[PDB]
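J.: So that we are looking at the same thing, I have put the structure below in structure tokens.
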Amino acid sequence: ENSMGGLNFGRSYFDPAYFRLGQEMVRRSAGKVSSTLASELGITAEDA
Amino acid sequence: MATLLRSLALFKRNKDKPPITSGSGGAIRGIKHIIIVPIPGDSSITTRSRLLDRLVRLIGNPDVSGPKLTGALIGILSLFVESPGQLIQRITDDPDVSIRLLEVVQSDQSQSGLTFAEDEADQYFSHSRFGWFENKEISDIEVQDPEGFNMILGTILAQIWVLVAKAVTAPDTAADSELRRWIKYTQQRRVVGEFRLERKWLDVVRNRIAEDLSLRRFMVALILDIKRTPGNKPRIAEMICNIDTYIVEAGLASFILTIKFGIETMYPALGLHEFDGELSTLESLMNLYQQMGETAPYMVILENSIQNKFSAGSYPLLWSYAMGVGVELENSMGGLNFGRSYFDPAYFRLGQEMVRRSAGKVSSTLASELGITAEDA
Amino acid sequence: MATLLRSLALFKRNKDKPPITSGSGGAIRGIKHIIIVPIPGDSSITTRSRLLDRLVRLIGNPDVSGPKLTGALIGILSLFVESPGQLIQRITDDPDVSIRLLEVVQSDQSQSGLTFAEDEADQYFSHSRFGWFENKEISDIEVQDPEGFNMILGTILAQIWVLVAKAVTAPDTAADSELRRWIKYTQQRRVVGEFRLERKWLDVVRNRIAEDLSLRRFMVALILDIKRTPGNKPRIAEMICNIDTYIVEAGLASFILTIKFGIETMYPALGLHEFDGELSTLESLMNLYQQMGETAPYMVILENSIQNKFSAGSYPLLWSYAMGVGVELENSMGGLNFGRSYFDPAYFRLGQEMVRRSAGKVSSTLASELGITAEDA
Amino acid sequence: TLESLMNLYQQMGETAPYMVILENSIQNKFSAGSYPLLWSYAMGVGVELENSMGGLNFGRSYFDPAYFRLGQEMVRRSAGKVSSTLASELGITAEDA
RNA sequence: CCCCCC
RNA sequence: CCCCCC
RNA sequence: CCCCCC
RNA sequence: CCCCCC
RNA sequence: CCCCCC
């Protein structure tokens with residue numbers, strides 16, 4: 001969600017080590033995986 | 001056995017539902033208005049025929065008050081029942097407003113209108129800029145044989161219910177599809193293609209509909225009663241329901257369409273980690289629509305459920321994709337100008353990218369009766 | 001286990017169905033007209049024989065009112081029963097209209113018509129531009145032995161039921177297939193190839209049918225009763241049902257054809273992401289047609305269900321393909337001129353492209369009794 | 001409490017129908033003030049049953065519209081389906097209308 | 001809303 | 001909050 | 001303890 | 001306190 | 001001790 005500017009963050013237990021880990025997952029994936037979904041999905045064909 | 005998912009499924013209780021209990025007495029509106037609603041006398045094609053002229057004049061006239069216009073709008077609407085007085089009391093179902101009954105008697109003298117038993121018609125009917133129908137000549141409000149009264153009465157009502165569709169959605173004063181409705185119900189003889197009212201008369205009515213809340217409550221409640229009427233409904237009632245078939249969720253664009261374009265189509269790029277969260281919460285919201293029913297299409301007009309529940313603010317990611325992917329599907333995507341704070345153009349173009357890259361090729365698997373290959377176009 | 005699809009299947013409840021409950025009393029038509037329907041006396045080939053002349057004259061004559069023409073059209077139709085008076089009251093099933101009974105007695109004096117017990121025939125029958133049959137000579141309305149009365153009576157009725165097919169569909173005044181019906185029922189001796197009425201007489205009748213709503217209700221209800229009559233039905237009743245076999249959904253072109261050309265054919269380019277959404281919602285709509293039955297073919301004439309449900313507006317994508325793909329199949333695709341706001345010509349040409357590119361080759365798989373290769377033509 | 005009131009009507013008899021005209025028993029006993037909840041439901045549920053519910057304009061201080069609509073809601077939601085159990089001569093299923 | 005063929 | 005097509 | 005969007 | 005239908 | 005509705 002784009003709405004992550006107002007909340008300035010910043011706590012004593014912010015834990016920046018695992019904070020960047022979460023952001024790293026969404027940028028490395030960029031699709032490819034599709035939450036398995038073994039019902040109605042299909043195979044391959046996910047360029048974007 | 002998936003304790004996380006089982007508990008997560010229970011978390012959706014936050015949405016449904018506020019409790020329904022006998023908590024009356026405390027929270028009440030009070031302060032009841034009067035609203036003088038003129039009601040005709042016996043069942044005939046007299047009095048009410050010339051009363052039609054007095055109400056349509058009163059509505060289309062400057063220097064008028066709220067209740068005077070409101071009561072006239074109610075009276076002009078309810079004019080096809082044997083006992084409108086009994087009908088209103090039964091159908092009103094509104095605590096805030098108590099409707100009074102004013103009986104109209106035969107025009108025996110008529111100084112400058114009617115007497116409706118005490119000639120109290122000093123400035124109610126007896127109040128050129130008004131205006132009138134397209135023809136600057138029509139008069140006498142049709143005093144003839146009983147045949148024809150049903151058409152001339154239905155002509156006015158037919159236009160009123162159309163304005164309901166375009167009232168709470170948007171003003172749309174610059175350009176509206178009102179003429180598109182008038183050319184309809186003409187190719188087929190449902191109403192006589194005549195007695196067209198000017199836009200000025202429609203303007204003052206459309207404004208008041210959007211203004212007053214209770215006025216819309218009476219109109220909505222009227223539809224639910226005539227729709228559930230079994231057997232061969234009246235001829236007029238068919239025309240009323242015909243127009244009411246366009247109100248079907250006139251406002252929930254981000255709900256009825258996001259399912260048709262997003263979920264019903266099932267594209268490969270649908271079940272992702274991004275849309276996984278919005279997909280689950282959308283199903284719990286969809287249940288809210290059906291579990292109530294009856295007044296489910298009529299939500300945006302009166303009901304407060306459209307504030308946060310049906311809004312796309314809860315699911316801006318899935319909504320942006322469903323709207324973007326369903327652009328090339330249907331040509332009708334020009335009027336809706338779009339543009340919200342959470343438009344999310346990143347995933348919007350992604351949906352449009354899928355339909356243009358595919359161009360057939362895939363055929364939704366369909367492991368039953370499809371075949372193999374041979375899809376050039 | 002596919003929670004999305006299971007819930008999505010439940011979402012189709014939005015279509016079916018408004019509730020059927022005892023909500024009478026409130027929503028009522030009221031204002032009952034009279035409609036004087038002439039009914040003959042005893043069962044014989046007298047009085048009613050010469051009454052036939054008075055009704056056919058009254059119908060085909062300028063300067064006439066609504067009820068006078070309506071009642072005559074009802075009377076001229078119902079003239080093959082032992083007790084029409086009892087038949088009408090039982091079969092009418094219409095709250096808005098109450099049918100009165102006027103008994104016709106033997107013509108003992110006849111000043112200028114009939115007396116029908118008080119000779120109240122000043123300007124009902126006793127009202128050259130009218131007109132008459134093709135032969136400018138016929139007279140005496142056939143006063144002969146009882147044999148022949150069945151044919152001359154059935155001749156008029158046979159033409160009336162034909163006009164029902166072409167009334168609510170379109171005016172079609174420029175060119176209609178009326179002569180195509182008259183040449184039929186002649187090659188085979190069902191009715192005597194004579195007593196042909198001019199188009200002017202048919203014009204004033206066809207206009208009134210499309211105009212009045214209740215007049216069509218009586219005709220439709222008449223068919224449902226005579227069709228369900230078990231055993232050897234009357235000779236005339238066979239002729240009535242014969243014409244009624246053409247009304248089969250005379251209007252639902254985007255429903256009965258879209259299945260035959262689109263679904264029943266099963267082409268490779270059918271189950272796509274584009275048509276996936278429209279295919280699912282179409283099945284729920286198809287159930288609506290069958291679940292009611294009885295009056296299911298008769299929908300466009302009176303029922304309001306054809307406004308949004310059966311219309312192609314809900315599924316413009318699938319409809320455009322089914323119509324386009326079924327052009328080369330049947331030659332009869334010239335009269336229907338097409339042309340709607342949601343025509344969708346992009347997918348229209350796609351359907352036509354499939355049938356011309358294939359030219360055989362594929363054989364719908366058919367893994368039972370087909371064979372391999374050898375399909376040059 | 002309604003059953004005890006019903007007994008009052010029958011135990012006297014003779015002049016029981018003629019109560020509102022002269023007798024003072026209609027002040028508090030037969031009035032709906034004692035049972036406004038049950039009365040509001042019984043009146044609301046019996047609207048769709050009989051068409052003759054137009055003349056009586058209703059409107060009392062203890063109208064109780066919360067339970068009034070509840071009665072009307074029952075008759076419209078059911079639309080048949082249930083058949084008062086009737087464990088004697090009824091049958092199973094086959095109630096479309 | 002409806003435009004055919006049977 | 002709402003912007004279409006039917 | 002709390003910082004948004006709806 | 002009472003507002004119908006029979 | 002008592003605060004309503006009928």
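In the structure tokens, the first chain shown is A, the next is B, and so on; residue numbers restart at 1 for each chain, and ligands run from 1 in the order shown.
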Can you superpose chain C onto chain B by least squares over all C-alpha atoms paired in order and give the moved copy as a CSV table (one decimal) with C-alpha atoms, in the first residue's frame?

T.:
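As written to disk, part_18.csv reads:
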```
chain,number,residue,atom,x,y,z
C,1,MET,CA,-4.1,-28.9,11.7
C,2,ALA,CA,-3.5,-25.4,10.4
C,3,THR,CA,-4.2,-23.6,13.7
C,4,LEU,CA,-3.1,-20.3,12.2
C,5,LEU,CA,-5.5,-20.5,9.2
C,6,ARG,CA,-8.5,-21.7,11.3
C,7,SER,CA,-8.1,-18.8,13.7
C,8,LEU,CA,-7.5,-16.4,10.9
C,9,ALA,CA,-10.8,-17.4,9.3
C,10,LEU,CA,-12.5,-16.5,12.7
C,11,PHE,CA,-10.9,-13.0,12.6
C,12,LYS,CA,-13.4,-12.0,9.8
C,13,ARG,CA,-16.0,-11.5,12.6
C,14,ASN,CA,-14.8,-7.9,12.9
C,15,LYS,CA,-16.8,-7.1,9.7
C,16,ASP,CA,-20.2,-8.8,10.4
C,17,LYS,CA,-22.3,-7.7,12.2
C,18,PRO,CA,-23.6,-5.0,14.6
C,19,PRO,CA,-26.2,-6.5,17.0
C,20,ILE,CA,-29.9,-6.3,16.3
C,21,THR,CA,-31.7,-5.9,19.7
C,22,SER,CA,-34.7,-4.1,21.2
C,23,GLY,CA,-32.8,-0.9,22.0
C,24,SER,CA,-35.7,1.5,21.3
C,25,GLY,CA,-37.0,4.3,23.4
C,26,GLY,CA,-33.6,6.0,24.0
C,27,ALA,CA,-32.3,6.7,20.5
C,28,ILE,CA,-35.3,8.4,18.8
C,29,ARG,CA,-35.7,11.3,16.3
C,30,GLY,CA,-38.7,13.1,17.7
C,31,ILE,CA,-39.8,16.5,16.4
C,32,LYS,CA,-42.5,15.3,14.0
C,33,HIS,CA,-43.4,17.5,11.0
C,34,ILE,CA,-46.8,17.6,9.4
C,35,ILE,CA,-46.5,17.5,5.6
C,36,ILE,CA,-50.0,18.1,4.1
C,37,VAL,CA,-50.5,15.3,1.5
C,38,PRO,CA,-53.5,15.9,-0.7
C,39,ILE,CA,-55.5,12.7,-1.2
C,40,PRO,CA,-58.5,12.3,-3.6
C,41,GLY,CA,-61.9,11.2,-2.5
C,42,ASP,CA,-63.9,8.4,-4.1
C,43,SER,CA,-62.6,6.3,-7.0
C,44,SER,CA,-63.4,8.1,-10.2
C,45,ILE,CA,-62.0,10.2,-13.0
C,46,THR,CA,-63.1,13.5,-11.5
C,47,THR,CA,-61.6,15.8,-8.8
C,48,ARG,CA,-58.2,13.9,-9.0
C,49,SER,CA,-58.1,14.7,-12.7
C,50,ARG,CA,-58.1,18.5,-12.1
C,51,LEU,CA,-56.1,18.0,-8.9
C,52,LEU,CA,-53.3,16.8,-11.2
C,53,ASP,CA,-53.2,20.3,-12.7
C,54,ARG,CA,-53.0,21.9,-9.2
C,55,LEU,CA,-50.1,19.7,-8.0
C,56,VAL,CA,-48.0,19.9,-11.2
C,57,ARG,CA,-48.5,23.7,-11.0
C,58,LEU,CA,-47.5,23.8,-7.4
C,59,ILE,CA,-44.4,21.7,-8.0
C,60,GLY,CA,-43.2,23.7,-11.0
C,61,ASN,CA,-43.5,27.2,-9.4
C,62,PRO,CA,-41.1,29.5,-7.6
C,63,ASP,CA,-41.7,30.7,-4.0
C,64,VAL,CA,-42.6,27.4,-2.4
C,65,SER,CA,-41.7,25.8,1.0
C,66,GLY,CA,-40.3,22.4,1.8
C,67,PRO,CA,-43.4,20.5,3.2
C,68,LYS,CA,-45.6,22.1,0.5
C,69,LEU,CA,-43.3,20.6,-2.2
C,70,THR,CA,-42.7,17.4,-0.3
C,71,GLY,CA,-46.4,16.7,0.2
C,72,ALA,CA,-47.1,17.5,-3.4
C,73,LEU,CA,-44.4,15.1,-4.6
C,74,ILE,CA,-45.9,12.3,-2.4
C,75,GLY,CA,-49.4,13.1,-3.5
C,76,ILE,CA,-48.6,13.2,-7.2
C,77,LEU,CA,-46.8,9.9,-6.8
C,78,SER,CA,-49.5,8.0,-4.9
C,79,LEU,CA,-52.4,8.5,-7.3
C,80,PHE,CA,-53.3,5.0,-8.5
C,81,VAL,CA,-54.9,3.3,-5.5
C,82,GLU,CA,-58.5,2.9,-4.4
C,83,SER,CA,-57.6,4.1,-0.9
C,84,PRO,CA,-54.3,6.0,-0.9
C,85,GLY,CA,-55.0,7.2,2.7
C,86,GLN,CA,-54.9,3.6,4.0
C,87,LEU,CA,-52.0,2.7,1.7
C,88,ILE,CA,-49.7,5.5,3.0
C,89,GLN,CA,-50.2,4.7,6.7
C,90,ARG,CA,-49.4,1.0,6.1
C,91,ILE,CA,-46.5,1.6,3.7
C,92,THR,CA,-44.8,4.7,5.3
C,93,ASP,CA,-42.9,2.7,8.0
C,94,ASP,CA,-41.1,5.9,9.1
C,95,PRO,CA,-40.9,7.1,12.7
C,96,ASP,CA,-39.6,10.6,12.0
C,97,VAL,CA,-42.5,11.6,9.7
C,98,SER,CA,-46.2,11.3,10.4
C,99,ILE,CA,-48.4,11.7,7.3
C,100,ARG,CA,-51.7,13.6,7.7
C,101,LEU,CA,-54.8,12.9,5.6
C,102,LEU,CA,-56.6,15.6,3.7
C,103,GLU,CA,-59.7,14.5,1.9
C,104,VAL,CA,-60.6,16.2,-1.4
C,105,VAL,CA,-64.3,16.6,-2.2
C,106,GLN,CA,-66.2,17.4,-5.4
C,107,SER,CA,-65.4,20.8,-6.9
C,108,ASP,CA,-68.9,22.4,-6.3
C,109,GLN,CA,-67.9,26.1,-6.2
C,110,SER,CA,-64.1,26.5,-6.7
C,111,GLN,CA,-63.3,30.1,-6.1
C,112,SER,CA,-59.6,29.7,-7.3
C,113,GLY,CA,-58.9,26.0,-6.9
C,114,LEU,CA,-60.5,23.5,-4.5
C,115,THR,CA,-62.0,23.4,-1.0
C,116,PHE,CA,-61.1,19.9,0.2
C,117,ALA,CA,-63.3,19.4,3.3
C,118,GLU,CA,-63.9,25.8,5.2
C,119,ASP,CA,-62.3,26.8,1.9
C,120,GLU,CA,-58.7,26.7,3.1
C,121,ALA,CA,-57.1,27.5,-0.2
C,122,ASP,CA,-55.9,31.0,0.2
C,123,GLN,CA,-52.2,30.3,-0.7
C,124,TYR,CA,-51.8,26.5,-1.0
C,125,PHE,CA,-52.9,26.0,-4.6
C,126,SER,CA,-53.8,29.6,-5.5
C,127,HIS,CA,-50.2,30.9,-5.4
C,128,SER,CA,-45.1,32.6,-17.4
C,129,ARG,CA,-42.2,31.2,-15.4
C,130,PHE,CA,-43.4,27.8,-14.1
C,131,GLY,CA,-43.1,26.2,-16.7
C,132,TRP,CA,-45.1,23.7,-18.7
C,133,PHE,CA,-44.9,20.9,-21.3
C,134,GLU,CA,-43.0,21.3,-24.6
C,135,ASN,CA,-46.2,22.5,-26.3
C,136,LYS,CA,-47.1,26.1,-25.4
C,137,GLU,CA,-50.8,25.4,-25.9
C,138,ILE,CA,-52.0,22.3,-23.9
C,139,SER,CA,-54.7,23.0,-21.4
C,140,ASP,CA,-57.7,21.6,-19.4
C,141,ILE,CA,-55.6,18.7,-18.0
C,142,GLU,CA,-57.6,16.2,-20.1
C,143,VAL,CA,-61.2,16.0,-18.9
C,144,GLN,CA,-62.6,13.2,-21.1
C,145,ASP,CA,-63.8,9.5,-20.9
C,146,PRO,CA,-62.0,7.3,-18.3
C,147,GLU,CA,-59.8,5.8,-20.9
C,148,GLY,CA,-56.6,7.8,-21.3
C,149,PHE,CA,-56.3,8.8,-17.7
C,150,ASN,CA,-54.0,5.8,-17.0
C,151,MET,CA,-51.6,7.0,-19.7
C,152,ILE,CA,-51.5,10.7,-18.8
C,153,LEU,CA,-51.0,9.8,-15.1
C,154,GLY,CA,-48.3,7.2,-15.9
C,155,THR,CA,-46.5,9.8,-18.1
C,156,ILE,CA,-45.6,12.0,-15.2
C,157,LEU,CA,-44.7,9.1,-12.8
C,158,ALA,CA,-42.5,7.4,-15.4
C,159,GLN,CA,-40.1,10.5,-15.5
C,160,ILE,CA,-40.0,10.8,-11.7
C,161,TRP,CA,-38.6,7.3,-11.1
C,162,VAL,CA,-35.9,7.9,-13.7
C,163,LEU,CA,-34.6,10.9,-11.7
C,164,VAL,CA,-34.1,8.6,-8.7
C,165,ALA,CA,-31.3,6.7,-10.6
C,166,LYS,CA,-29.5,10.0,-11.1
C,167,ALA,CA,-29.9,11.8,-7.8
C,168,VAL,CA,-27.7,10.4,-5.0
C,169,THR,CA,-25.0,9.2,-7.5
C,170,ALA,CA,-24.0,12.6,-8.8
C,171,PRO,CA,-25.6,15.8,-10.0
C,172,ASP,CA,-24.6,15.2,-13.6
C,173,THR,CA,-26.3,18.5,-14.7
C,174,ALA,CA,-23.8,19.1,-17.5
C,175,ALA,CA,-24.8,16.0,-19.5
C,176,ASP,CA,-27.2,13.2,-18.4
C,177,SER,CA,-28.9,10.3,-20.3
C,178,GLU,CA,-32.5,11.5,-19.7
C,179,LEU,CA,-33.4,11.7,-23.4
C,180,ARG,CA,-32.1,8.1,-23.8
C,181,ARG,CA,-35.0,7.0,-21.5
C,182,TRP,CA,-37.7,9.1,-23.2
C,183,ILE,CA,-36.9,7.7,-26.7
C,184,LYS,CA,-37.4,4.3,-24.9
C,185,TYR,CA,-40.9,3.4,-23.9
C,186,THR,CA,-41.9,4.9,-27.3
C,187,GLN,CA,-40.7,2.3,-29.9
C,188,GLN,CA,-43.0,0.1,-27.9
C,189,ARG,CA,-46.3,1.5,-26.9
C,190,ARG,CA,-46.0,1.6,-23.2
C,191,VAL,CA,-46.8,5.3,-22.9
C,192,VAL,CA,-48.1,7.8,-25.5
C,193,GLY,CA,-45.1,9.6,-27.0
C,194,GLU,CA,-46.3,13.1,-25.9
C,195,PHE,CA,-46.6,15.3,-22.7
C,196,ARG,CA,-42.9,15.9,-22.4
C,197,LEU,CA,-41.9,18.1,-19.5
C,198,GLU,CA,-39.1,20.7,-19.8
C,199,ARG,CA,-35.8,20.2,-18.0
C,200,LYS,CA,-36.6,23.1,-15.6
C,201,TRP,CA,-39.5,21.2,-14.1
C,202,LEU,CA,-37.2,18.2,-13.7
C,203,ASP,CA,-34.5,20.3,-12.2
C,204,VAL,CA,-36.4,21.5,-9.2
C,205,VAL,CA,-37.6,18.0,-8.5
C,206,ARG,CA,-34.2,16.3,-8.9
C,207,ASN,CA,-32.7,18.9,-6.5
C,208,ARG,CA,-35.3,18.2,-3.8
C,209,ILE,CA,-34.9,14.4,-4.1
C,210,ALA,CA,-31.2,14.7,-3.4
C,211,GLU,CA,-31.9,17.2,-0.6
C,212,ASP,CA,-34.5,15.5,1.5
C,213,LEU,CA,-33.8,12.1,3.1
C,214,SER,CA,-37.3,11.0,4.1
C,215,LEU,CA,-38.6,11.7,0.6
C,216,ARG,CA,-36.3,9.0,-0.8
C,217,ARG,CA,-37.3,6.6,2.0
C,218,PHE,CA,-41.0,6.7,0.8
C,219,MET,CA,-40.0,6.1,-2.8
C,220,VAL,CA,-37.7,3.1,-2.0
C,221,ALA,CA,-40.3,1.5,0.4
C,222,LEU,CA,-42.9,1.9,-2.4
C,223,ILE,CA,-40.8,-0.3,-4.8
C,224,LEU,CA,-40.3,-3.2,-2.3
C,225,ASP,CA,-44.1,-3.4,-1.8
C,226,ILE,CA,-45.1,-3.4,-5.5
C,227,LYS,CA,-42.3,-5.7,-6.5
C,228,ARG,CA,-43.4,-8.5,-4.0
C,229,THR,CA,-47.0,-8.2,-5.1
C,230,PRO,CA,-47.9,-11.7,-6.5
C,231,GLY,CA,-50.2,-12.5,-9.4
C,232,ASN,CA,-51.0,-10.1,-12.3
C,233,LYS,CA,-49.8,-6.8,-11.0
C,234,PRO,CA,-51.5,-3.5,-12.2
C,235,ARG,CA,-50.6,-2.1,-15.6
C,236,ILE,CA,-49.0,1.0,-14.0
C,237,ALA,CA,-47.2,-1.2,-11.5
C,238,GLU,CA,-45.4,-2.9,-14.4
C,239,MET,CA,-44.2,0.5,-15.6
C,240,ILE,CA,-42.9,1.4,-12.1
C,241,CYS,CA,-41.0,-1.8,-11.7
C,242,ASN,CA,-39.6,-1.4,-15.2
C,243,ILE,CA,-37.8,1.8,-14.2
C,244,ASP,CA,-36.8,0.3,-10.9
C,245,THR,CA,-34.8,-2.3,-12.8
C,246,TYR,CA,-32.1,0.3,-13.4
C,247,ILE,CA,-31.5,1.2,-9.7
C,248,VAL,CA,-29.7,-2.2,-9.1
C,249,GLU,CA,-26.8,-0.9,-6.8
C,250,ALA,CA,-26.6,2.5,-8.5
C,251,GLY,CA,-23.4,3.4,-6.7
C,252,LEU,CA,-21.5,0.2,-5.8
C,253,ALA,CA,-19.2,0.3,-8.8
C,254,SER,CA,-16.3,-1.0,-6.7
C,255,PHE,CA,-18.2,-4.2,-5.8
C,256,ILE,CA,-20.5,-5.5,-8.5
C,257,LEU,CA,-17.8,-4.9,-11.2
C,258,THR,CA,-14.7,-6.0,-9.3
C,259,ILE,CA,-16.2,-9.5,-9.1
C,260,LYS,CA,-17.3,-9.6,-12.7
C,261,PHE,CA,-14.1,-8.3,-14.2
C,262,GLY,CA,-11.7,-9.5,-11.5
C,263,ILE,CA,-13.0,-12.8,-10.0
C,264,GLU,CA,-15.3,-14.2,-12.7
C,265,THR,CA,-12.7,-13.9,-15.4
C,266,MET,CA,-9.8,-15.8,-13.5
C,267,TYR,CA,-6.6,-14.7,-15.1
C,268,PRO,CA,-3.2,-16.3,-14.4
C,269,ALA,CA,-1.9,-13.2,-12.7
C,270,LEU,CA,-4.6,-13.2,-10.0
C,271,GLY,CA,-3.6,-15.4,-7.1
C,272,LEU,CA,-0.5,-13.7,-5.9
C,273,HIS,CA,1.0,-12.8,-2.5
C,274,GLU,CA,-0.1,-9.2,-3.2
C,275,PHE,CA,-3.8,-10.0,-3.8
C,276,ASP,CA,-3.9,-12.9,-1.3
C,277,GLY,CA,-4.9,-10.6,1.6
C,278,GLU,CA,-7.5,-8.6,-0.3
C,279,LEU,CA,-9.1,-11.8,-1.9
C,280,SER,CA,-9.9,-13.3,1.5
C,281,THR,CA,-11.5,-10.3,3.1
C,282,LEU,CA,-13.5,-9.7,-0.1
C,283,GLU,CA,-15.4,-12.9,0.4
C,284,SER,CA,-16.6,-12.0,3.9
C,285,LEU,CA,-17.8,-8.7,2.5
C,286,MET,CA,-19.7,-10.4,-0.3
C,287,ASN,CA,-21.6,-12.5,2.3
C,288,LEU,CA,-22.8,-9.2,3.9
C,289,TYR,CA,-24.6,-8.3,0.7
C,290,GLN,CA,-26.6,-11.6,0.4
C,291,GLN,CA,-27.2,-12.4,4.1
C,292,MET,CA,-29.5,-9.4,4.5
C,293,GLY,CA,-31.2,-9.3,1.0
C,294,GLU,CA,-34.5,-7.5,0.4
C,295,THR,CA,-33.0,-4.0,0.6
C,296,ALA,CA,-29.5,-5.1,-0.4
C,297,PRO,CA,-29.5,-3.3,-3.8
C,298,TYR,CA,-30.8,-0.1,-2.0
C,299,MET,CA,-27.7,0.7,0.1
C,300,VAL,CA,-26.1,3.9,-1.2
C,301,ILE,CA,-29.4,5.8,-1.0
C,302,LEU,CA,-30.2,5.5,2.7
C,303,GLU,CA,-28.2,2.7,4.4
C,304,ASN,CA,-24.9,3.6,6.1
C,305,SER,CA,-23.1,0.3,5.2
C,306,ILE,CA,-21.6,1.9,2.1
C,307,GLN,CA,-19.3,4.2,4.2
C,308,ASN,CA,-16.4,1.8,4.8
C,309,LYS,CA,-17.6,-1.8,4.0
C,310,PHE,CA,-18.4,-1.7,0.3
C,311,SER,CA,-15.8,1.1,-0.4
C,312,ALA,CA,-12.6,0.2,-2.2
C,313,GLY,CA,-10.5,1.7,0.6
C,314,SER,CA,-10.4,-1.7,2.3
C,315,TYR,CA,-9.1,-3.4,-0.8
C,316,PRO,CA,-7.3,-0.8,-3.1
C,317,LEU,CA,-4.9,-3.4,-4.6
C,318,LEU,CA,-7.5,-5.9,-5.8
C,319,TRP,CA,-9.8,-3.2,-7.0
C,320,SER,CA,-7.1,-1.4,-9.0
C,321,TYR,CA,-6.3,-4.7,-10.8
C,322,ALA,CA,-10.0,-5.8,-11.4
C,323,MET,CA,-10.8,-2.3,-12.9
C,324,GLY,CA,-7.6,-2.2,-15.0
C,325,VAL,CA,-7.9,-5.7,-16.4
C,326,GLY,CA,-11.6,-5.1,-17.4
C,327,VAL,CA,-10.9,-2.2,-19.7
C,328,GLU,CA,-10.5,-4.0,-23.0
C,329,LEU,CA,-13.3,-6.5,-22.0
C,330,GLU,CA,-16.2,-4.0,-22.2
C,331,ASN,CA,-16.1,-0.8,-24.4
C,332,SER,CA,-18.1,1.1,-21.8
C,333,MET,CA,-15.2,2.5,-19.8
C,334,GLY,CA,-15.2,6.2,-20.9
C,335,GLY,CA,-17.9,7.8,-18.8
C,336,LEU,CA,-16.3,6.7,-15.5
C,337,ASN,CA,-13.4,9.2,-15.3
C,338,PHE,CA,-11.7,7.4,-12.4
C,339,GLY,CA,-9.3,9.2,-10.1
C,340,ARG,CA,-9.1,8.4,-6.4
C,341,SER,CA,-6.4,8.9,-3.7
C,342,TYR,CA,-5.7,5.2,-3.7
C,343,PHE,CA,-5.8,4.7,-7.5
C,344,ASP,CA,-2.6,2.6,-7.4
C,345,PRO,CA,-1.5,3.0,-11.1
C,346,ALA,CA,1.3,0.4,-10.6
C,347,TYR,CA,-1.1,-2.5,-10.6
C,348,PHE,CA,-3.6,-0.8,-12.8
C,349,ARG,CA,-1.4,-1.0,-15.9
C,350,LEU,CA,-0.6,-4.6,-14.9
C,351,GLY,CA,-4.2,-5.7,-15.5
C,352,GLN,CA,-4.3,-4.0,-18.9
C,353,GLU,CA,-0.9,-5.6,-19.8
C,354,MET,CA,-2.3,-9.1,-19.3
C,355,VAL,CA,-5.2,-8.9,-21.7
C,356,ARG,CA,-3.0,-7.4,-24.5
C,357,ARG,CA,-0.1,-9.9,-24.1
C,358,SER,CA,-2.4,-13.0,-24.1
C,359,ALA,CA,-4.5,-12.3,-27.2
C,360,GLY,CA,-6.0,-15.8,-26.8
C,361,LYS,CA,-3.4,-18.6,-26.8
C,362,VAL,CA,-4.5,-19.7,-23.3
C,363,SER,CA,-8.1,-21.0,-22.9
C,364,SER,CA,-8.6,-21.2,-19.1
C,365,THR,CA,-7.5,-24.8,-19.1
C,366,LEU,CA,-11.1,-26.1,-19.3
C,367,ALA,CA,-10.4,-29.8,-19.0
C,368,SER,CA,-13.7,-31.1,-20.3
C,369,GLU,CA,-14.6,-29.9,-23.9
C,370,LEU,CA,-12.0,-27.7,-25.5
C,371,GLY,CA,-9.5,-29.4,-27.7
C,372,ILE,CA,-5.8,-28.7,-28.5
C,373,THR,CA,-4.0,-25.9,-30.4
C,374,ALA,CA,-5.6,-24.1,-33.5
C,375,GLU,CA,-6.1,-20.6,-32.1
C,376,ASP,CA,-4.4,-18.2,-34.5
C,377,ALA,CA,-6.8,-15.2,-34.0
```

J.: Tell me as a PyMOL selection string which residues belonging to chain G come within 7 Å of chain A, counting only C-alpha atoms (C1' of nucleotides).

T.: chain G and resi 3-5

J.: Any idea what the distance is between CA of residue 32 (chain A) and CA of residue 46 (chain A)?

T.: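 These two atoms are separated by 6.3 Å.
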
J.: Pull out every residue of chain D sitting within 9 Å of chain I, counting only C-alpha atoms (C1' of nucleotides), and send them as a ChimeraX atom specification.

T.: /D:27-28,31-34,61-62

J.: What parts of region 15-256 of chain C does DSSP call strand (DSSP E or B)? I'd like the answer as a list in words.

T.: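 In region 15-256 of chain C, DSSP puts these residues in strand (DSSP E or B): residues 33, 36, 37, 38, 39, 40, 97, 100, 101, 102, 103, 104, 133 and 197 of chain C.
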